[PDB]
Each structure stands twice: as C-alpha cells, then as structure tokens.
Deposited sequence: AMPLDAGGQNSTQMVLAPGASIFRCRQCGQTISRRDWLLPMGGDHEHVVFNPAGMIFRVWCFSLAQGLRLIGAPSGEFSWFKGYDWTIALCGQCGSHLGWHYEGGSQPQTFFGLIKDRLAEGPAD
C-alpha cells in the first residue's frame, strides 16, 4: 500500500520505496532554506534542467542538476553525477512526494 512515490502536486510516477538508497539527509541551501532529502538509486517522470554544477554540493565529489516534476514542473530535488560508488543518484525532497499503492 506504500510502495510507489508520486509527485504530491499532480500524481506523476516518480520512484518506489524499493529504490531508496541508504536514506534521509537534512541540508540547507545558501538562502538558508532547509530540505529533508531522501536519496534514491533510480527515479522516472522528472525533467533534469541545465548542466551539472559542483557549487555548494551537499554530497562530496558530486555535481547536481535540478530535477523538476516532468508533468507539473514542481521542483522535486536534484540528480547527482560525477562521483564514485555510486556514480549517480537522486536527492528528492520527501515532503514534495506522496507514497501509496502499486
């Protein structure tokens, strides 16, 4: 009953409890905004915007790209790339997702 993560704003399919990567990081951006981030190995239904940036990266050795909900454009988090073990992952804002049945 709690296996799929969807965008809270529009219901787009985003990820699965199975795809969590151990999981929960509380971070601040330079504007002091707090994000409660869940790391996922895999996500779908996003639109990755721009080219990667290392600036203010929360994760040592990773560059980030903005991940929008590909349906409604709501900011769901970031895709991280350029690191090692693992090379890539997603950091999604927990309170911008909804959890429910398959």
Inset, instruction - Please list, in sequence order, every stretch of the deposited sequence that lacks C-alpha coordinates. - result: 1-18, 41-44, 125
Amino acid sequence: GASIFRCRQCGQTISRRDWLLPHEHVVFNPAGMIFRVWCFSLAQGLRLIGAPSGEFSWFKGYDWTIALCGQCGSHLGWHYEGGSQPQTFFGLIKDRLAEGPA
From here on, numbers count along this sequence of modelled residues.
Inset, instruction - Would you determine, from the values in the PDB entry, which of 83-91 and 18-26 has the greater average C-alpha temperature factor? - result: 18-26
Inset, instruction - Return whichever of 29-37 and 63-71 has the greater mean Cα B factor according to the PDB record. - result: 29-37
Inset, instruction - Would you mind checking where the Cα B-factor of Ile49 ranks among the modelled residues of its chain, as the lowest, middle or highest third? - result: highest
